[PDB]
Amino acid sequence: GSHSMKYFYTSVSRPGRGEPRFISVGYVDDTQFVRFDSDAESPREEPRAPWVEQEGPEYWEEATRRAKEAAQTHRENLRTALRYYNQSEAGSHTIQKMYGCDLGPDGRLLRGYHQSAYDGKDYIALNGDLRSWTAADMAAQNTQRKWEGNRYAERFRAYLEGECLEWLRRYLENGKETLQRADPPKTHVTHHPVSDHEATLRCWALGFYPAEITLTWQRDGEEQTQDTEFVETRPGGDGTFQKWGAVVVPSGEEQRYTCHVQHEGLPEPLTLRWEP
């Protein structure tokens, strides 16, 4: 039911401290499976998921090769950027690049991604049509023009519909019981008095996958945004995710508030009340 594979690239220049640091990670949906760090004691593509370890040496050698090539080219892009924005070589700068493909249920390509930022701001991104590019500024227009000149969008499109999908399906089959799972969130409501006239209601959602989830509070059956605090979805450290949503309530109205939780692993959405 719609899956995704994405690669994340981060190159940071560090003047005086040698070559720029290169860190790239691979994800299937919300599960990391590979990792390459130029500052590792023996830089190479490493497995971070149990279901990818079964790949033979050829896979790790090829992956290491591609990762290293990406590192070199990124290092060249740093310099090219210094020249574009007319910046000093004594300052630190960062290039980030995410790309990947979305496997639709019909087995065909659903979505394509190839976007990159410089110093935390959009630089250049592949458009939804997977044929044209969008440049964020003047400097990126050079990259856009020269990428159009050598038909890169098409070349990346060949990968999107080729190796990307094939290997995505492969990963999906090999890690079926962990990637194609829908673990529902363990939920409960807690009560934390703020004073004598108020109290915080906290709705918990623990150990669910994937990270996609929805938590809302309602007063008398009507959604409430006032006096609510929803924290950013956080990882469990074991491959799961957590999230809680709190609401400040007048003492005595606790039973008029309900928590609503929507998740893929839930047969039907949950309506929770504080059970002392």
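Start at 1 and count along the sequence shown; that's the residue number.
Averaged over Cα atoms, the B-factor as recorded in the entry is higher for 260-268 than for the other of 19-27 and 260-268. For the pair 30-38 and 226-234, the mean Cα B-factor is higher in 226-234. Comparing the C-alpha B-factors of 97, 131, 79, 146 in the entry, the top value falls on 131. Of the candidates 199, 138, 172, 189, the deposited coordinates give 138 the top C-alpha B factor. Split the chain's modelled residues into thirds by C-alpha temperature factor. Residue 156 is in the lowest one. Among the modelled residues of its chain, residue 110 has a C-alpha B-factor that falls in the highest third according to the deposited record. Among the modelled residues of its chain, residue 122 has a C-alpha B-factor that falls in the lowest third according to the deposited record. In this PDB entry, the Cα temperature factor of residue 72 sits in the bottom third of its chain's modelled residues, the lowest group. Among all modelled residues in this chain, the alpha-carbon of residue 90 has a temperature factor (C-alpha) in the lowest third.
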